[PDB]
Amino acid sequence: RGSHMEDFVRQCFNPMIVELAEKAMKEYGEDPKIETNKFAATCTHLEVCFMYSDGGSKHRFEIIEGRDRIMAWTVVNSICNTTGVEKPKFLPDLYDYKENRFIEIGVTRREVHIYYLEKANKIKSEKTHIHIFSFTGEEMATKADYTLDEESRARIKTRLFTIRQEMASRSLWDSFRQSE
């Protein structure tokens, strides 16, 4: 209790995103009061996922991340049963109604190369698109198909570097980097 990471997450991120990240950690047996770095990562991942869905058209994306585990699996069943795409192994983040594929969003504190390899080895049915962002402004997507336009993607990298900057200004970034 009483971690600077917790008060920064509550001050930096959206109240709804903080609430959405708290439920996800509660449900998966984690405690944002103590597991404060994973609390900051869950909030960051949520925000990026929400800006990404805002980058396309109105009915472009279906948001999977940010729903309770049971409701998230229900909507992918409807997506699989009306489109014909195969059921993803683990839960993804989005679905592309324009490109007809699921999307896996990733935010990393390392080389964009390593994370995607990790995210690719657990989805052997490589039908799901994988998209990595980085806190240093680098990105990395499947088949070089970065899905969105450059302006929407650049907005994501800008916000990511602001979070890393605010984290470092409070001497929190060093603990956040050497923990992923």
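Just so we're on the same page, rigid core means the largest C-alpha set that superposes within 1.5 Å between forms. One-based numbering along the sequence shown.
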>> Do the Cα atoms of 39-47 or of 119-127 sit farther, on average, from the shown structure in 6 other deposited structures of this protein when the rigid core is superposed?
In response: 119-127
>> Highest mean C-alpha temperature factor of the two stretches 115-123 and 54-62, which is it?
In response: 115-123
>> Please compare 22-30 with 38-46 and say which has the higher mean C-alpha temperature factor in the record.
In response: 22-30
> Based on the entry's values, in what third of the chain does the Cα temperature factor of residue 84 lie: lowest, middle or highest?
Replying inline: highest
> Taking the C-alpha B-factors as the PDB entry records them, is residue 90 in the lowest, middle or highest third of its chain?
Replying inline: highest
> Relative to the other modelled residues in the chain, which third contains the C-alpha temperature factor of residue 6: lowest, middle or highest?
Replying inline: middle
